[PDB]
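Here we start with a single chain on its own, the form deposited without the RNA, put down as structure tokens.
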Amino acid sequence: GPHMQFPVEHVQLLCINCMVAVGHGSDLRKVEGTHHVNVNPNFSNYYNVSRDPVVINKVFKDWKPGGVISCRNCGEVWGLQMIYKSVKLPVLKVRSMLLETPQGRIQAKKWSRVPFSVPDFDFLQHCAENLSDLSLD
């Protein structure tokens, strides 16, 4: 029915091209609402960084560029890898990614249409998971 509803837990990160699931739509996040980046350690296996170092128009401050990302399952260049506070966050598109839902797959060209939710990168956690200066127990 109406009320286009699609939970992240229901939305999986796949390759519109491949479509084998390169991640989860509930494992990705946003960065200062500038560019969506799906965080995942096993993602490095789902993509290969180009040879060249930085290949972008200009460089950013809030974060630095990385390497051109390309779905290893297929190759469809997602974009480039971005680092922030020492966090490898791949910057993919919305047209290169597929949102597998129990209501039907969805492929947008703008995250502005993304059905699932995309929370910003919780640095507090990543910091609490990278520092652990708080506690372990």
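Each residue number is its position in the shown sequence, starting from 1.
The same protein also has a form deposited with the RNA bound, omitted here; what follows describes it.
Engineer: Is the RNA in the deposited bound form close enough to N17, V20 and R51 that every residue in that trio has a heavy atom within 4.5 angstroms of it?
Structural biologist: Looking in the deposited bound form, the three residues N17, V20 and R51 all stay beyond 4.5 Å of the RNA (heavy atoms).
Engineer: Using a 4.5 Å heavy atom cut-off, which of 97-105, 22-30, 38-46, 73-81 contacts the RNA in the deposited bound form?
Structural biologist: Going through the listed ranges, the match is 73-81.
Engineer: Does the 4.5 Å heavy atom contact test between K88 and the RNA in the deposited bound form come out positive?
Structural biologist: No - in the deposited bound form, heavy atoms of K88 and the RNA never come within 4.5 Å of each other.
Engineer: Is there a heavy atom of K64 lying 4.5 Å or less from a heavy atom of the RNA in the deposited bound form?
Structural biologist: Looking in the deposited bound form, residue contacts with the RNA do not include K64, since no heavy atom lies within 4.5 Å.
Engineer: May I ask you to list the residues of 83-118 that have any heavy atom within 4.5 angstroms of the RNA in the deposited bound form, in sequence order?
Structural biologist: Those in contact are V91, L92, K93, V94, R95, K109, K110, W111, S112, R113.
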